[PDB]
Structures are given as structure tokens and as C-alpha cells.
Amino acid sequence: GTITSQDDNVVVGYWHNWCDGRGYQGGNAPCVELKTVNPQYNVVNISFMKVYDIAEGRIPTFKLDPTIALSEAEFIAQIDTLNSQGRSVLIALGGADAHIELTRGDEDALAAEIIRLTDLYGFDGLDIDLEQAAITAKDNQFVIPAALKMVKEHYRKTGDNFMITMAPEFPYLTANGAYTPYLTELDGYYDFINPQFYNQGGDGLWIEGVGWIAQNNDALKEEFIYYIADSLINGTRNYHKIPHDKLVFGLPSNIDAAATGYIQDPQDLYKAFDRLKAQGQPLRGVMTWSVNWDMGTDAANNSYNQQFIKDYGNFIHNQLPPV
């Protein structure tokens, strides 16, 4: 394929390489064809590159789920189509039960496999989306950055920007937190970070004048968004710094997609994002788990009807470009 990278704001959505996932509230996530994904998701993350069976070896790979009933050829064409629309398709490394437990020395083979898949499917980059147990498993903190540097450099040689993103759960981004080796090793290689501001229950931050602001408090959601992002983009309040032009706010699509973190009132995001913009530090966009959930159903089989991309797609795409 042709490496197709993002120079302006993004709306990121994950795409499930499986069918009929059950939700946190009993709903259903269909498998969907790439070509059915709403075009306002201009970064689509194929979930997941993983180890399928450890008897196959330590190096994760990607195998298109045959239940989805696309041939490799048809999947590849759909990626070419997205690329022709100016949209990126990343491979998301990790996910639940991925069995990624790499040993020092594995970076060469992991880099070779990323390059292979990239060239074959026409992926535009990789998203680091490790499960909690993987973040510090074995030599992952060393191997995964070492491999991605070699991948970045390989594609830089041919004038291509192989995108590198990550999806840390936000508690792991405290200063010296478990995800910080990935961030420091890959500083100047990663394009943007899309943390998960969901599934962390009552984790949060204390702000003098406001109080305790939890990720699951729907009365203080503007405050949560504004203050957690302000902390990250400035490296304050004991958070690792991620520059504002490289921070994308990750969210559940609806209450089926995650246990906690769903934004009940989209105006809380609009206002938080406008406060960050007004101080000269606008964010790079939003991300969601997941496009399948946005296209999914509740427990009564009522369609979620793309509400996430309705709420946020125009809002983000009509912002000024970065820099």
C-alpha cells in the first residue's frame, strides 16, 4: 500500500476483528466492513495484532477473522479506498488476552513482522494498546519501542511517516508511571497519544477550588476533561507531559462500550476543549472505543445510530489545524 499519514486533527476509532461482542449493559457490537465505517473517522485502528496461540511463537501477528466474510483481497481494497479518502488505517498492538510477552532480542523479529503486515495490508502505522498485564510483562518496555524505532526509520528512508500512536489508560501516565518508558523512548517518533479516559472507575485528580474529580463523576465531567488534559499537556499535577498537539482524548462511544467514562452531555467536552484552545493549547482530536460500538445495539436491539460521531465529528473536523 501507500503510507497515508495525518497532518491535521483526528477522530480515531477502533475496529473489531471479531463479531457480536457483548456490552457492559447487555448490548451488541456487530462486526462491520471497513467501507461501512463513518468517513469522519479519519484514523481507524484494526484491533488486534496479538499472539493467537503461544505454540506459534512470541511474535504477535494479525489474522483477519474469517467470520467477517471479507477475503484478504477485499479487506486490502477497503484499506486502499480509505487511503484514497485521506484516512489512515493503523494496526492496534495488544488488547485483552494478547499473550504479548517479548524477550530482549525479539525487537528485530517484531520490527520485521510490523513491516510485513504494513506492506501487505497497507496499514499506515501502529497503535500501542497493551492490556494492563502487558504494560510491564517481560521485556515489553524495551522490545516494543526498540522495534518501533527501527520501523519508523525504515519508512523514513523512503520518505514515509509510519504513524506511531498509543492508548494508555490514563492512571499509568503519572510521572514515572508504568507507561512512561514507552513515551520517553518513543519521544520524537510517536505522532500522538490517545489515552483511555474510561474504565478507571473513580480514579481522577484533586484540584484546589474544585475538589476531588473522578473519571466516573458525571456532574464534574467538564472539569475532569479540562484538568486531566491541562495536567498532561503541561506535565503538571504529577502527570507525564504529552504536548497538546499530540494529545487526543479517548472515550467510550456509549454506555455499552465501557464500564465507566461515557460523556452524558457532549457540551462538557465542547467547553473543556474550548478552554484548552483559549489558553493556546488546543488538543489534536478525540478517539473512541469503538466504531463497532458506535454502530452497535443496546440490549433491546435499538441501534446506537452513530451518536458518538454525530456528537463529535463536525466539532473536531471544523477546528483550526495544529502548530
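Residue numbers run from 1 along the displayed sequence. The term rigid core refers to the maximal set of C-alpha atoms that superpose within 1.5 Å between the two forms.
Stretch comparison, 51-59 versus 277-285: after rigid core superposition, larger RMS CA deviation in 5 other deposited structures of this protein is found for 51-59. Of the two segments, 103-111 and 245-253, the one listed with the higher mean B-factor is 103-111 (C-alpha atoms only).
Checked against the record, the higher mean CA B factor of 154-162 and 175-183 lies with 154-162. Across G57, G261, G296, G285, the entry's maximum B-factor at the CA atom is seen for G57. In this structure the maximum Cα B-factor among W206, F192, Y226, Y239 is found at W206.
Split the chain's modelled residues into thirds by C-alpha temperature factor. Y304 is in the middle one. Residue-level temperature factors show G202 in the highest third of its chain, judged at the C-alpha atom. Among all modelled residues in its chain, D230 ranks in the lowest third by Cα B-factor. The entry lists a Cα temperature factor for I46 that places it in the lowest third of the chain's modelled residues. Split the chain's modelled residues into thirds by C-alpha temperature factor. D129 is in the lowest one.
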